[PDB]
């Protein structure tokens, strides 16, 4: 365990190996951690547990820190298995210990663990739990940030906000605090996390942050459930969330596609040339969905004012990976972004139109599509280049030079 501050001890679990989250839908290329905290005042409080894969290690490590029977209260901010996975093994040892969680968390905890006989204490925003020595816990309901059961727990005096998923990131390091790690890696993982997980809930991010700030509670540290503890200028991640939540976009265009014989790839490259030579303010990234990190594509879409999506026609429909990526974008609910579909076809085409409709379904404001037959010759590539010019002009954030 690690001292977070005073009587707050980190009793979580680092995960250098992990690479597949959400099945295989979130690649954790820098590992992750599962942060669990033990507060030792007059009362002893455990905040969250760890992923089920480390349940045995978690309960044994916890014994190294405290006699389990000495734990007074357990707080579950969030019952996803990566944080409450060890709960069944823990409760087998101390089954009478009360659990403090949201009403919705009873449904989610019971849904996974099947132990309704546990002693649940429903908490609502503003409820308090005294732990002695003049300190108390204050609970803050954060439904759909990102689960119905989500909440945060604030510890007065020490002024630590146990935010669970919010403001966390999948980043593994032997050091605990944000000022102790590589900042580039840290920000990259922070943005990757928000873009791929929290984008659809952005409309709830700002009001809740506003509400929390309206409590006028000081914040010395933000102890999340993944990654570093924010202790140095800790609200920096809060301000990022405020910016990221406001339908964030940079002067940036992401192009991604799938291709069978590189024809659609040739179009993507000509589009990018037309953009770069018409508006030099636009950052352009190109990804082949079959040969790229999907979560990186989505982070870039999150950062872009618009996207172009490419597919060849295969059996009158679109390339399956493109269909899958468009389905996922439909659930992420990107806002205020523009899109254009393109691709090569052999005869009757149709996939590009299909894709354009579904990009519209996903919430993109659609510009005209670009289609080419077989391999584009020099004349076809000029048309693709002019498409990039036209898109660059249409999507300019300000007058072009």
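Numbering follows the first chain given and starts at 1.
Of the two segments examined, 195-203 and 275-283, it is 275-283 that shows the higher average Cα temperature factor in the deposited entry.
When 217-225 is weighed against 311-319, 311-319 comes out higher, by mean CA B-factor as recorded in the entry. Listed residues 119, 102, 133, 288 were ranked by CA B-factor as deposited; 133 comes out on top. Per the deposited coordinates, the residue with the largest Cα temperature factor out of 150, 263, 163, 210 is 210.
Sort the chain's modelled residues by C-alpha temperature factor and residue 71 lands in the highest third, per the entry. Sort the modelled residues of the chain by CA B factor and residue 128 lands in the middle third. Among the modelled residues of its chain, residue 342 has a C-alpha B-factor that falls in the middle third according to the deposited record. Among the modelled residues of the chain, residue 90 sits in the lowest third by CA temperature factor in this PDB entry. The entry lists a Cα temperature factor for residue 51 that places it in the middle third of the chain's modelled residues.
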